[PDB]
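Structure below is start06.txt: compact mmCIF, C-alpha atoms.
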```
# COMPACT_ATOMS: atom_id res chain seq x y z
CA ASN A 1 0.00 0.00 0.00
CA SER A 2 2.16 2.89 -1.46
CA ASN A 3 2.01 5.22 -4.59
CA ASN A 4 3.15 3.62 -7.93
CA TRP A 5 6.22 5.41 -9.38
CA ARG A 6 7.29 4.68 -13.01
CA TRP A 7 10.43 5.40 -15.10
CA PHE A 8 10.39 5.76 -18.95
CA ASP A 9 12.33 3.11 -20.97
CA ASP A 10 13.23 4.83 -24.31
CA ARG A 11 14.13 1.31 -25.64
CA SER A 12 10.55 -0.19 -25.37
CA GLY A 13 8.97 3.32 -25.52
CA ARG A 14 6.98 2.62 -22.31
CA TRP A 15 6.57 3.62 -18.62
CA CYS A 16 7.81 0.74 -16.42
CA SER A 17 7.22 0.22 -12.68
CA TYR A 18 9.96 -0.21 -10.00
CA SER A 19 10.42 -3.38 -7.85
CA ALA A 20 8.22 -3.30 -4.69
CA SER A 21 11.40 -2.52 -2.60
CA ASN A 22 12.58 0.34 -4.94
CA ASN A 23 8.95 1.67 -5.21
CA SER A 24 8.72 1.63 -1.33
CA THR A 25 12.16 3.34 -0.93
CA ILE A 26 11.13 6.10 -3.43
CA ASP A 27 7.59 6.59 -1.99
CA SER A 28 8.92 6.80 1.66
CA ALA A 29 11.35 9.56 0.57
CA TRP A 30 8.51 11.36 -1.28
CA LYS A 31 6.15 11.09 1.75
CA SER A 32 8.90 12.52 4.16
CA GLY A 33 9.47 15.65 1.96
CA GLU A 34 12.98 14.58 0.68
CA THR A 35 14.09 16.29 -2.61
CA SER A 36 16.06 13.09 -3.68
CA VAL A 37 16.54 9.37 -2.86
CA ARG A 38 19.10 6.60 -3.73
CA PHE A 39 18.48 2.95 -4.70
CA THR A 40 20.02 0.25 -6.91
CA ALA A 41 18.50 -1.78 -9.76
CA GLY A 42 20.39 -4.16 -12.15
CA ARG A 43 23.45 -3.69 -9.83
CA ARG A 44 23.37 0.00 -10.99
CA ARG A 45 23.16 3.00 -8.61
CA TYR A 46 20.38 5.60 -9.16
CA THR A 47 19.28 8.86 -7.52
CA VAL A 48 15.66 10.00 -8.19
CA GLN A 49 15.41 13.85 -8.00
CA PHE A 50 11.80 14.95 -7.17
CA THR A 51 12.53 18.65 -8.07
CA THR A 52 13.13 17.70 -11.80
CA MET A 53 11.24 14.29 -11.79
CA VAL A 54 14.22 12.35 -13.29
CA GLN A 55 16.26 9.29 -12.36
CA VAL A 56 20.08 9.76 -12.63
CA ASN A 57 22.60 6.93 -13.16
CA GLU A 58 25.24 8.20 -10.64
CA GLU A 59 28.17 6.58 -12.62
CA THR A 60 27.25 7.96 -16.15
CA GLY A 61 24.95 10.97 -15.39
CA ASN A 62 22.29 9.50 -17.78
CA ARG A 63 18.83 10.97 -16.94
CA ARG A 64 15.52 9.07 -17.56
CA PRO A 65 12.13 10.62 -16.66
CA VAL A 66 9.91 9.38 -13.76
CA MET A 67 6.20 9.95 -13.06
CA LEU A 68 3.83 9.55 -10.13
CA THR A 69 0.48 7.92 -11.06
CA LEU A 70 -2.63 9.91 -9.90
CA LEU A 71 -5.55 7.74 -8.66
CA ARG A 72 -9.06 9.01 -9.70
CA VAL A 73 -11.32 10.84 -7.16
CA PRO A 74 -13.98 9.58 -6.97
CA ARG A 75 -12.81 5.92 -7.46
CA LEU A 76 -14.61 3.93 -10.22
CA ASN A 77 -16.76 0.81 -9.50
CA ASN B 1 3.81 10.71 6.57
CA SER B 2 0.41 9.85 4.88
CA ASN B 3 -2.42 11.61 2.87
CA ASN B 4 -4.84 13.90 4.74
CA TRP B 5 -8.47 12.59 4.75
CA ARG B 6 -11.29 14.82 6.02
CA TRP B 7 -15.03 14.42 6.75
CA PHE B 8 -17.45 17.50 6.66
CA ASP B 9 -19.17 18.47 9.96
CA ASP B 10 -22.56 20.10 9.07
CA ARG B 11 -22.97 21.14 12.80
CA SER B 12 -19.84 23.40 12.65
CA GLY B 13 -19.88 23.86 8.78
CA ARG B 14 -16.19 22.76 8.41
CA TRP B 15 -13.88 19.96 7.08
CA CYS B 16 -12.40 17.92 10.07
CA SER B 17 -9.30 15.61 10.04
CA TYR B 18 -9.65 11.93 11.17
CA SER B 19 -7.54 10.44 14.06
CA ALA B 20 -3.97 9.58 12.83
CA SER B 21 -4.86 5.85 13.30
CA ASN B 22 -8.18 6.20 11.31
CA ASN B 23 -6.31 8.34 8.67
CA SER B 24 -3.60 5.62 8.10
CA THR B 25 -6.24 2.79 7.98
CA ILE B 26 -8.18 4.81 5.30
CA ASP B 27 -5.12 5.94 3.26
CA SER B 28 -3.70 2.34 3.33
CA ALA B 29 -7.04 1.02 1.92
CA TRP B 30 -6.92 3.89 -0.67
CA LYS B 31 -3.33 3.00 -1.84
CA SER B 32 -4.19 -0.81 -2.01
CA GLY B 33 -7.03 -0.18 -4.53
CA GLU B 34 -9.87 -1.22 -2.11
CA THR B 35 -13.30 0.36 -2.95
CA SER B 36 -14.15 0.86 0.80
CA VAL B 37 -12.67 0.76 4.34
CA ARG B 38 -14.20 0.12 7.85
CA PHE B 39 -13.19 1.61 11.25
CA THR B 40 -14.61 3.19 14.44
CA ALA B 41 -14.66 6.83 15.73
CA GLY B 42 -16.52 8.29 18.78
CA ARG B 43 -16.97 4.53 19.64
CA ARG B 44 -19.24 4.42 16.47
CA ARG B 45 -18.86 2.13 13.39
CA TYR B 46 -18.22 3.78 9.92
CA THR B 47 -17.55 2.62 6.35
CA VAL B 48 -15.96 5.11 3.92
CA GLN B 49 -17.17 4.32 0.28
CA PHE B 50 -14.46 5.56 -2.19
CA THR B 51 -16.76 5.31 -5.29
CA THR B 52 -19.29 7.84 -3.67
CA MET B 53 -16.73 9.63 -1.33
CA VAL B 54 -19.03 9.40 1.75
CA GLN B 55 -18.78 8.06 5.31
CA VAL B 56 -21.73 5.75 6.28
CA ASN B 57 -22.87 5.37 9.92
CA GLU B 58 -23.40 1.56 10.05
CA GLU B 59 -26.38 1.90 12.53
CA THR B 60 -28.38 4.73 10.73
CA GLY B 61 -27.32 4.83 7.02
CA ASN B 62 -26.47 8.57 7.63
CA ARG B 63 -24.05 9.76 4.86
CA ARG B 64 -21.31 12.46 5.49
CA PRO B 65 -18.98 13.67 2.71
CA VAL B 66 -15.22 12.89 2.77
CA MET B 67 -12.33 14.44 0.81
CA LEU B 68 -8.71 13.62 -0.05
CA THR B 69 -6.12 16.42 0.16
CA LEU B 70 -2.76 15.55 -1.50
CA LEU B 71 0.19 16.35 0.90
CA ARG B 72 2.58 16.87 -2.17
CA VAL B 73 2.31 17.16 -6.07
CA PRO B 74 5.11 17.15 -8.70
CA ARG B 75 6.26 20.76 -9.50
CA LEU B 76 8.75 21.76 -12.31
CA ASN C 1 -13.90 21.26 -21.53
CA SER C 2 -13.41 22.37 -17.83
CA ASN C 3 -12.91 20.59 -14.40
CA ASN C 4 -16.10 19.08 -12.80
CA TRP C 5 -16.89 20.72 -9.42
CA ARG C 6 -19.52 19.10 -7.11
CA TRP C 7 -21.44 20.24 -3.98
CA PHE C 8 -22.77 17.80 -1.30
CA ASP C 9 -26.60 17.59 -0.88
CA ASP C 10 -27.17 16.37 2.74
CA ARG C 11 -30.84 15.70 1.72
CA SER C 12 -30.07 12.96 -0.92
CA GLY C 13 -26.69 12.17 0.75
CA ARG C 14 -24.86 12.62 -2.60
CA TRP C 15 -22.33 14.81 -4.50
CA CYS C 16 -24.20 16.76 -7.23
CA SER C 17 -22.71 18.63 -10.21
CA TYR C 18 -23.27 22.35 -11.04
CA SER C 19 -24.99 23.62 -14.25
CA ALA C 20 -22.49 23.99 -17.16
CA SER C 21 -22.61 27.85 -16.65
CA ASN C 22 -22.03 27.64 -12.82
CA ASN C 23 -19.33 24.92 -13.34
CA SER C 24 -17.59 27.23 -15.95
CA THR C 25 -17.86 30.32 -13.65
CA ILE C 26 -16.32 28.33 -10.71
CA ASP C 27 -13.57 26.66 -12.82
CA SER C 28 -12.53 30.03 -14.46
CA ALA C 29 -12.12 31.56 -10.97
CA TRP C 30 -10.12 28.48 -9.83
CA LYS C 31 -7.87 28.60 -12.95
CA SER C 32 -7.14 32.42 -12.42
CA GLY C 33 -5.99 31.89 -8.77
CA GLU C 34 -9.10 33.56 -7.14
CA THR C 35 -9.76 32.54 -3.47
CA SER C 36 -13.61 32.89 -3.99
CA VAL C 37 -16.31 33.25 -6.70
CA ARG C 38 -20.06 34.23 -6.83
CA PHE C 39 -22.92 32.62 -8.81
CA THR C 40 -26.66 32.00 -8.47
CA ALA C 41 -28.64 28.72 -8.59
CA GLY C 42 -32.39 28.29 -7.78
CA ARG C 43 -32.59 32.15 -7.67
CA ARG C 44 -30.25 31.87 -4.59
CA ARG C 45 -26.88 33.67 -4.29
CA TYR C 46 -23.76 31.58 -3.45
CA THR C 47 -20.05 32.26 -2.88
CA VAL C 48 -17.66 29.26 -3.25
CA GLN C 49 -14.55 29.74 -1.02
CA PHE C 50 -11.55 27.70 -2.37
CA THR C 51 -9.51 28.20 0.88
CA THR C 52 -12.10 26.13 2.92
CA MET C 53 -13.73 24.22 -0.07
CA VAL C 54 -17.32 25.24 0.91
CA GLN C 55 -20.25 26.94 -0.78
CA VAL C 56 -21.94 29.72 1.31
CA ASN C 57 -25.56 30.88 0.91
CA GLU C 58 -24.85 34.67 1.22
CA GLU C 59 -28.38 35.39 2.70
CA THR C 60 -28.37 32.63 5.45
CA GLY C 61 -24.63 31.81 5.92
CA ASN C 62 -25.42 28.06 5.38
CA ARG C 63 -22.21 26.19 4.32
CA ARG C 64 -22.25 23.02 2.10
CA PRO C 65 -19.00 21.26 1.08
CA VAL C 66 -17.60 21.27 -2.51
CA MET C 67 -15.02 19.00 -4.17
CA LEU C 68 -12.89 19.02 -7.31
CA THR C 69 -12.84 15.67 -9.17
CA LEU C 70 -9.29 14.34 -9.96
CA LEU C 71 -8.94 12.62 -13.38
CA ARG C 72 -6.67 9.49 -13.38
CA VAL C 73 -3.08 9.67 -14.79
CA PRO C 74 -2.62 7.60 -16.85
CA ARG C 75 -6.17 7.66 -18.38
CA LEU C 76 -7.95 4.25 -18.65
CA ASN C 77 -8.92 2.65 -22.02
CA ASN D 1 -4.93 29.87 -17.28
CA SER D 2 -4.60 26.09 -18.18
CA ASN D 3 -2.71 22.92 -16.97
CA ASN D 4 1.02 22.61 -17.73
CA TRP D 5 1.86 19.70 -20.11
CA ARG D 6 5.49 18.70 -20.69
CA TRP D 7 7.37 16.28 -22.99
CA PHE D 8 10.87 14.83 -21.98
CA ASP D 9 13.86 15.78 -24.21
CA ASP D 10 16.41 12.89 -24.03
CA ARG D 11 18.98 15.11 -25.93
CA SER D 12 19.06 17.70 -23.06
CA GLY D 13 17.79 15.26 -20.31
CA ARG D 14 14.96 17.65 -19.21
CA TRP D 15 11.12 18.14 -19.17
CA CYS D 16 10.10 20.89 -21.77
CA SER D 17 6.80 22.88 -21.91
CA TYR D 18 4.67 22.82 -25.14
CA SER D 19 3.71 26.05 -27.06
CA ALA D 20 0.75 27.84 -25.30
CA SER D 21 -1.42 26.94 -28.37
CA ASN D 22 -0.33 23.21 -28.28
CA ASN D 23 -0.77 23.23 -24.43
CA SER D 24 -4.42 24.52 -24.65
CA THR D 25 -5.29 22.06 -27.51
CA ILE D 26 -3.93 19.16 -25.32
CA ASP D 27 -5.47 20.32 -21.99
CA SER D 28 -8.87 20.94 -23.74
CA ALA D 29 -8.79 17.33 -25.09
CA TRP D 30 -7.78 16.16 -21.54
CA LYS D 31 -10.74 17.99 -19.84
CA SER D 32 -13.26 16.69 -22.54
CA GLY D 33 -12.43 13.03 -21.72
CA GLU D 34 -10.78 12.29 -25.14
CA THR D 35 -8.22 9.39 -25.04
CA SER D 36 -5.82 11.22 -27.48
CA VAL D 37 -5.14 14.59 -29.19
CA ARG D 38 -3.37 15.58 -32.50
CA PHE D 39 -1.32 18.73 -33.30
CA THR D 40 1.94 19.93 -34.93
CA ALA D 41 5.25 21.23 -33.45
CA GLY D 42 8.58 21.98 -35.26
CA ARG D 43 6.34 21.66 -38.41
CA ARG D 44 6.04 17.91 -37.41
CA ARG D 45 2.82 15.89 -36.74
CA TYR D 46 2.28 14.39 -33.18
CA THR D 47 -0.45 12.45 -31.35
CA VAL D 48 -0.39 12.45 -27.54
CA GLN D 49 -1.92 9.09 -26.22
CA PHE D 50 -3.38 9.73 -22.69
CA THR D 51 -3.73 5.98 -21.84
CA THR D 52 0.13 5.46 -22.33
CA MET D 53 1.19 9.14 -21.60
CA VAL D 54 3.46 9.35 -24.69
CA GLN D 55 3.85 11.63 -27.73
CA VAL D 56 3.98 9.69 -31.08
CA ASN D 57 5.81 11.11 -34.14
CA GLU D 58 3.25 10.25 -36.89
CA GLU D 59 6.05 9.64 -39.51
CA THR D 60 8.43 7.37 -37.40
CA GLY D 61 6.40 5.82 -34.51
CA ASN D 62 9.06 7.38 -32.15
CA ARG D 63 7.57 7.60 -28.58
CA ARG D 64 8.51 10.45 -26.10
CA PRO D 65 7.07 10.61 -22.55
CA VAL D 66 4.63 13.37 -21.50
CA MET D 67 3.52 14.52 -18.02
CA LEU D 68 0.72 16.59 -16.47
CA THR D 69 1.63 19.07 -13.71
CA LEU D 70 -1.41 20.43 -11.78
CA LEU D 71 -1.27 24.31 -11.56
CA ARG D 72 -3.37 24.21 -8.26
CA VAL D 73 -4.67 21.56 -5.68
CA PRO D 74 -7.19 21.98 -2.81
CA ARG D 75 -5.38 22.85 0.49
CA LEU D 76 -7.07 23.08 3.99
```
Written form, structure tokens:
Amino acid sequence: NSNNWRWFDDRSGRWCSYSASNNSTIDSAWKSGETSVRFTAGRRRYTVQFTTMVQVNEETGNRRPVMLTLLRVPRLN
Amino acid sequence: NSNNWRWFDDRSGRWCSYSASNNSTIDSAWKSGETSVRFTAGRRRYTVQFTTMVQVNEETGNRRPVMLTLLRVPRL
Amino acid sequence: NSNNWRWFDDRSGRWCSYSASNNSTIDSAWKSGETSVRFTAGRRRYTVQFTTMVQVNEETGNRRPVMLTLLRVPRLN
Amino acid sequence: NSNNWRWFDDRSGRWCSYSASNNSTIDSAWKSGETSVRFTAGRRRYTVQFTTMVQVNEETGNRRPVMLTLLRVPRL
């Protein structure tokens, strides 16, 4: 029970979701008012920066966009 | 932290916050994709229905409106 | 093509929508950064206050709650 | 005013705003419940798909991500 963050994969041309651990790490940081947060995926080190909504590969500087899904209000049946 | 859920008090004409415990129970059900959530306040039994955004007194059927305020949105 | 505002009717226990004119008046005010806006419905004069999200009957002071619907991102098929 | 729509530029690694005209065309289609919207920028033809949140080059099939930033949310 946390928000679903996504990162854009320019290869498949699609928004992909994070692992449940990486999604929880990111969403905890977001909830606490952090401007950035670190995690690893594929044995690669990432910072997500909330101020620019991008994910940075710390080793190469390569920036991929992230998004926060918005759940409908009201909710649908 | 968590999202801020309120119910409207027609007596006082204002939007009131739930108890931190009730808030987290509701927001957890909201995040998990549930269509409703059940809890107790003033030693009374309530269901919040997310598809009508109301709080139901389980004794009376009495319906009070609820709202979601987002703690934080993406900016620039 | 504007946001859908609703007011709560304690009588029917339901969120109701405004007329297209009253919805457009309210949403224009919202979009421009106004804190309040005036309209009439049922030959009765209302102010909506965005700071408290309520609708006030100017003659009686009676307050009913309003809400702004949030459209899902992404949109569903 | 209107909502702020952006597309991601992989060349510069940043989120860019559309032209005010393109923005209003997109946000109007968004408000009306459309599932897509069509326009032109850099004298090129694009469709934005709201169900995948991407901008499609109509010549190439090339997909760029788009985002919605809300100008204003309810608070207290």
Would you tabulate, counting all atoms listed in the file, all residues of chain A that have an atom at most 9 Å from an atom of chain D, showing the closest pair of atoms and their distance in Å to one decimal, sorted by chain then ascending number, as a Markdown table?
```
| residue | atom | partner | partner_atom | distance |
| --- | --- | --- | --- | --- |
| A:8 | CA | D:65 | CA | 6.9 |
| A:10 | CA | D:64 | CA | 7.6 |
| A:12 | CA | D:63 | CA | 8.9 |
| A:13 | CA | D:63 | CA | 5.4 |
| A:14 | CA | D:52 | CA | 7.4 |
| A:15 | CA | D:52 | CA | 7.7 |
| A:52 | CA | D:14 | CA | 7.6 |
| A:53 | CA | D:15 | CA | 8.3 |
| A:54 | CA | D:14 | CA | 8.0 |
| A:62 | CA | D:13 | CA | 7.7 |
| A:63 | CA | D:13 | CA | 5.6 |
| A:64 | CA | D:13 | CA | 7.1 |
| A:65 | CA | D:8 | CA | 6.9 |
| A:67 | CA | D:67 | CA | 7.3 |
```
Output C-alpha atoms of each residue in that selection to a file, as a CSV table (one decimal), in the coordinates of the input.
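Contents of part-v9.csv, as written:
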```
chain,number,residue,atom,x,y,z
A,8,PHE,CA,10.4,5.8,-19.0
A,10,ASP,CA,13.2,4.8,-24.3
A,12,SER,CA,10.6,-0.2,-25.4
A,13,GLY,CA,9.0,3.3,-25.5
A,14,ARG,CA,7.0,2.6,-22.3
A,15,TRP,CA,6.6,3.6,-18.6
A,52,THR,CA,13.1,17.7,-11.8
A,53,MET,CA,11.2,14.3,-11.8
A,54,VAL,CA,14.2,12.4,-13.3
A,62,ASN,CA,22.3,9.5,-17.8
A,63,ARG,CA,18.8,11.0,-16.9
A,64,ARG,CA,15.5,9.1,-17.6
A,65,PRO,CA,12.1,10.6,-16.7
A,67,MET,CA,6.2,10.0,-13.1
```
Using all atoms of segment 53-60 of chain A that appear in the file, construct an axis-aligned enclosing box with 8 Å of padding on every side and provide its centre coordinates and edge lengths in Å, rounded to one decimal, as AutoDock Vina command-line options.
```
--center_x 19.7 --center_y 10.4 --center_z -13.4 --size_x 32.9 --size_y 23.7 --size_z 21.5
```
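Every protein, DNA or RNA residue with an atom at most 9 Å from segment 28-39 of chain A, where all atoms listed in the file count and chain neighbours fewer than 5 positions away do not, is listed here: residues 2, 22, 23, 44, 45, 46, 47, 48, 49, 50 and 51 of chain A; 1, 2, 3, 71 and 72 of chain B.
Atom CA of residue 17 of chain D to atom CA of residue 17 of chain A spans 24.5 Å [interatomic distance, one decimal].
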Problem - For segment 31-45 of chain B: contacts at 8 Å, all atoms listed in the file, fewer than 3 positions along chain excluded, given as an MDAnalysis selection string - result: (chainID A and resid 1:3 75 77) or (chainID B and resid 22 25:28 48:51 57:59)
Handout entry: Check: which chain B residues lie within 7 Å of chain D using only C-alpha atoms, as a PyMOL selection string
Key = chain B and resi 69+74-75
Proximity of chain C to chain A: per-residue shortest pair, 6 Å limit, only C-alpha atoms, as a Markdown table:
```
| residue | atom | partner | partner_atom | distance |
| --- | --- | --- | --- | --- |
| C:69 | CA | A:73 | CA | 5.4 |
| C:70 | CA | A:73 | CA | 4.9 |
| C:71 | CA | A:72 | CA | 5.2 |
| C:72 | CA | A:72 | CA | 4.4 |
| C:73 | CA | A:70 | CA | 4.9 |
```
Practice task
Please measure the separation of atom CA of residue 24 of chain B and atom CA of residue 5 of chain B, giving the value in Å to one decimal.
Solution key: 9.1 Å
Can you superpose chain C onto chain A by least squares over all C-alpha atoms paired in order and give the moved copy as an mmCIF file with C-alpha atoms, keeping the file's coordinate frame?
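Below you can see out28.cif, which holds the result:
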```cif
data_model
loop_
_atom_site.group_PDB
_atom_site.id
_atom_site.type_symbol
_atom_site.label_atom_id
_atom_site.label_comp_id
_atom_site.auth_asym_id
_atom_site.auth_seq_id
_atom_site.Cartn_x
_atom_site.Cartn_y
_atom_site.Cartn_z
ATOM 1 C CA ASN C 1 0.000 0.000 -0.005
ATOM 2 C CA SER C 2 2.159 2.896 -1.459
ATOM 3 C CA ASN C 3 2.017 5.217 -4.585
ATOM 4 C CA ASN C 4 3.151 3.619 -7.928
ATOM 5 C CA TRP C 5 6.216 5.419 -9.379
ATOM 6 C CA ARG C 6 7.288 4.683 -13.011
ATOM 7 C CA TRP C 7 10.435 5.398 -15.100
ATOM 8 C CA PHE C 8 10.393 5.764 -18.943
ATOM 9 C CA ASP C 9 12.330 3.112 -20.968
ATOM 10 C CA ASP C 10 13.227 4.826 -24.311
ATOM 11 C CA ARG C 11 14.127 1.307 -25.640
ATOM 12 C CA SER C 12 10.555 -0.190 -25.376
ATOM 13 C CA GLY C 13 8.973 3.319 -25.521
ATOM 14 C CA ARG C 14 6.979 2.619 -22.311
ATOM 15 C CA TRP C 15 6.561 3.624 -18.620
ATOM 16 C CA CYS C 16 7.814 0.741 -16.413
ATOM 17 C CA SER C 17 7.218 0.223 -12.675
ATOM 18 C CA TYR C 18 9.956 -0.204 -9.998
ATOM 19 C CA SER C 19 10.417 -3.378 -7.856
ATOM 20 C CA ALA C 20 8.213 -3.301 -4.695
ATOM 21 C CA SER C 21 11.403 -2.517 -2.602
ATOM 22 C CA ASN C 22 12.575 0.343 -4.946
ATOM 23 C CA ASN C 23 8.949 1.663 -5.211
ATOM 24 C CA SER C 24 8.717 1.633 -1.322
ATOM 25 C CA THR C 25 12.159 3.340 -0.932
ATOM 26 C CA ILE C 26 11.130 6.102 -3.439
ATOM 27 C CA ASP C 27 7.599 6.591 -1.992
ATOM 28 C CA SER C 28 8.928 6.804 1.658
ATOM 29 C CA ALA C 29 11.356 9.565 0.573
ATOM 30 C CA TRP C 30 8.511 11.368 -1.282
ATOM 31 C CA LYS C 31 6.154 11.086 1.747
ATOM 32 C CA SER C 32 8.897 12.518 4.162
ATOM 33 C CA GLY C 33 9.467 15.648 1.970
ATOM 34 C CA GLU C 34 12.975 14.581 0.677
ATOM 35 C CA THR C 35 14.089 16.287 -2.608
ATOM 36 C CA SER C 36 16.061 13.097 -3.680
ATOM 37 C CA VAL C 37 16.537 9.375 -2.856
ATOM 38 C CA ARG C 38 19.100 6.599 -3.732
ATOM 39 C CA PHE C 39 18.478 2.944 -4.705
ATOM 40 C CA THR C 40 20.027 0.250 -6.903
ATOM 41 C CA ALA C 41 18.491 -1.787 -9.764
ATOM 42 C CA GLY C 42 20.387 -4.160 -12.146
ATOM 43 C CA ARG C 43 23.448 -3.694 -9.830
ATOM 44 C CA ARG C 44 23.369 0.005 -10.993
ATOM 45 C CA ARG C 45 23.168 2.997 -8.606
ATOM 46 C CA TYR C 46 20.383 5.594 -9.162
ATOM 47 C CA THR C 47 19.280 8.856 -7.522
ATOM 48 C CA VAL C 48 15.661 9.999 -8.193
ATOM 49 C CA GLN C 49 15.411 13.842 -7.999
ATOM 50 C CA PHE C 50 11.797 14.954 -7.169
ATOM 51 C CA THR C 51 12.528 18.646 -8.069
ATOM 52 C CA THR C 52 13.126 17.703 -11.798
ATOM 53 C CA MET C 53 11.234 14.287 -11.794
ATOM 54 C CA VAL C 54 14.217 12.349 -13.289
ATOM 55 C CA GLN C 55 16.252 9.295 -12.358
ATOM 56 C CA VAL C 56 20.082 9.752 -12.634
ATOM 57 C CA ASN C 57 22.601 6.927 -13.167
ATOM 58 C CA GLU C 58 25.239 8.199 -10.639
ATOM 59 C CA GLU C 59 28.176 6.583 -12.621
ATOM 60 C CA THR C 60 27.252 7.960 -16.147
ATOM 61 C CA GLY C 61 24.959 10.968 -15.390
ATOM 62 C CA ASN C 62 22.295 9.495 -17.779
ATOM 63 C CA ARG C 63 18.827 10.974 -16.937
ATOM 64 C CA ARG C 64 15.513 9.073 -17.561
ATOM 65 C CA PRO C 65 12.125 10.625 -16.658
ATOM 66 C CA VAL C 66 9.912 9.385 -13.757
ATOM 67 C CA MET C 67 6.204 9.948 -13.054
ATOM 68 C CA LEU C 68 3.823 9.549 -10.127
ATOM 69 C CA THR C 69 0.481 7.921 -11.058
ATOM 70 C CA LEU C 70 -2.635 9.907 -9.900
ATOM 71 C CA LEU C 71 -5.557 7.738 -8.661
ATOM 72 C CA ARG C 72 -9.057 9.008 -9.704
ATOM 73 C CA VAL C 73 -11.315 10.841 -7.165
ATOM 74 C CA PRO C 74 -13.981 9.576 -6.975
ATOM 75 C CA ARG C 75 -12.805 5.925 -7.458
ATOM 76 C CA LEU C 76 -14.603 3.924 -10.222
ATOM 77 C CA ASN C 77 -16.752 0.808 -9.497
#
```
Practice task
For atom CA of residue 21 of chain C and atom CA of residue 7 of chain C, quote the distance in Å rounded to one decimal.
Solution key: 14.8 Å
Would you mind completing segment 7-24 of chain D so that it carries N, CA and C atoms, and writing it out as a tab-separated table (two decimals), keeping the file's coordinate frame?
```tsv
chain	number	residue	atom	x	y	z
D	7	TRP	N	6.75	17.43	-22.32
D	7	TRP	CA	7.37	16.28	-22.99
D	7	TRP	C	8.85	16.23	-22.56
D	8	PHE	N	9.44	15.02	-22.40
D	8	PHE	CA	10.87	14.83	-21.98
D	8	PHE	C	11.77	14.84	-23.22
D	9	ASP	N	12.81	15.66	-23.16
D	9	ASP	CA	13.86	15.78	-24.21
D	9	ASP	C	15.10	14.97	-23.76
D	10	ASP	N	15.33	13.83	-24.38
D	10	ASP	CA	16.41	12.89	-24.03
D	10	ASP	C	17.76	13.51	-24.43
D	11	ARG	N	17.77	14.38	-25.45
D	11	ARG	CA	18.98	15.11	-25.93
D	11	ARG	C	19.56	15.94	-24.78
D	12	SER	N	18.71	16.74	-24.13
D	12	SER	CA	19.06	17.70	-23.06
D	12	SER	C	18.77	17.11	-21.66
D	13	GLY	N	18.13	15.94	-21.58
D	13	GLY	CA	17.79	15.26	-20.31
D	13	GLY	C	16.89	16.10	-19.42
D	14	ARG	N	15.89	16.78	-19.99
D	14	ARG	CA	14.96	17.65	-19.21
D	14	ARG	C	13.52	17.62	-19.75
D	15	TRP	N	12.57	17.98	-18.89
D	15	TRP	CA	11.12	18.14	-19.17
D	15	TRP	C	10.87	19.54	-19.77
D	16	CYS	N	10.39	19.62	-21.02
D	16	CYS	CA	10.10	20.89	-21.77
D	16	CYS	C	8.60	21.15	-21.81
D	17	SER	N	8.20	22.42	-21.72
D	17	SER	CA	6.80	22.88	-21.91
D	17	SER	C	6.47	22.91	-23.42
D	18	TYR	N	5.23	22.60	-23.78
D	18	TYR	CA	4.67	22.82	-25.14
D	18	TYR	C	4.44	24.33	-25.38
D	19	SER	N	4.28	24.73	-26.65
D	19	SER	CA	3.71	26.05	-27.06
D	19	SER	C	2.34	26.24	-26.40
D	20	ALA	N	2.02	27.46	-25.98
D	20	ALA	CA	0.75	27.84	-25.30
D	20	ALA	C	-0.44	27.32	-26.11
D	21	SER	N	-0.37	27.42	-27.44
D	21	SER	CA	-1.42	26.94	-28.37
D	21	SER	C	-1.54	25.41	-28.28
D	22	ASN	N	-0.41	24.69	-28.38
D	22	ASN	CA	-0.33	23.21	-28.28
D	22	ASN	C	-0.83	22.80	-26.87
D	23	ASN	N	-0.37	23.48	-25.83
D	23	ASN	CA	-0.77	23.23	-24.43
D	23	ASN	C	-2.30	23.25	-24.32
D	24	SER	N	-2.95	24.31	-24.82
D	24	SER	CA	-4.42	24.52	-24.65
D	24	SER	C	-5.21	23.49	-25.46
```
